[PDB]
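A.B. asks: Give me coordinates for this.
(one chain, ligands or ions: 1)
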Amino acid sequence: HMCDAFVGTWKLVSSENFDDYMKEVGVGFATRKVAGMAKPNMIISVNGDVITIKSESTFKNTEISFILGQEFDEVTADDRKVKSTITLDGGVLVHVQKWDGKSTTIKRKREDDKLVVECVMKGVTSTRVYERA
Ligand SMILES: O=C(O)c1[nH]c2cc(Cl)c(Cl)cc2c1-c1ccccc1Cl
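C.D. replies: Numbers count the residues shown, from 1 in each chain. Below you will find the coordinate block:
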């Protein structure tokens, strides 16, 4: 019952400072443009201890399956090969990605009827808001 309030299909409704976040991460111009246009659906499901997060869009489709606290490999939408760990901290899903001596953290929180996603790279934070589809 760990992630019950996250489970479902969520559609992106707003984004703020994603371009800057992507620049900070090292994403090149053309990928920033196309990725920034996308309005992904985020599909979250749980089966036993395994959480699956799918992102489906016109740009890319991604899928991760993981157990909380257990590191895994992920290829991101912008093609970084990262080592990821996702944990729950006070009801927030905290996703850290490590690659090339760098790190980024992505936090997913339920707030009212939205799922709010904060992505931080160094001093740059982006906020993406999703609503139920
Ligand atoms: O959804 C996400 O988890 C997500 N995380 C990102 C990190 C970076 Cl740096 C960039 Cl370029 C893009 C993404 C995406 C994304 C953005 C648009 C469509 C599909 C997807 Cl998957």
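
A.B. asks: contacts, neighbours, all on C-alpha from now
C.D. replies: Will do.

A.B. asks: Tell me the secondary structure at residue 5.
C.D. replies: Classification of residue 5 by DSSP: H, G, I helix; E, B strand; the rest coil places it in helix.

A.B. asks: For the chain, which segments count as strands?
C.D. replies: 8-16, 41-47, 50-56, 62-66, 72-75, 81-89, 92-99, 102-111, 114-121, 124-132 (DSSP state E).

A.B. asks: which other residues reach the longest one?
C.D. replies: Residues outside strand 102-111 that contact it (Cα atoms under 8 Å, 6 or more residues apart in numbering) are 5-6, 25, 91-98, 115-122.

A.B. asks: ok, residue 81 - contacts?
C.D. replies: Applying Cα under 8 Å, 6+ apart, the residues near residue 81 are 73-75, 99.

A.B. asks: Bridge partners for it, pull those for me.
C.D. replies: residue 75 (DSSP bridges).

A.B. asks: which among the contacts of strand 102-111 are in contact with the ligand?
C.D. replies: Among those, the residues within reach of the ligand (Cα under 6 Å from any ligand atom) are residue 25.
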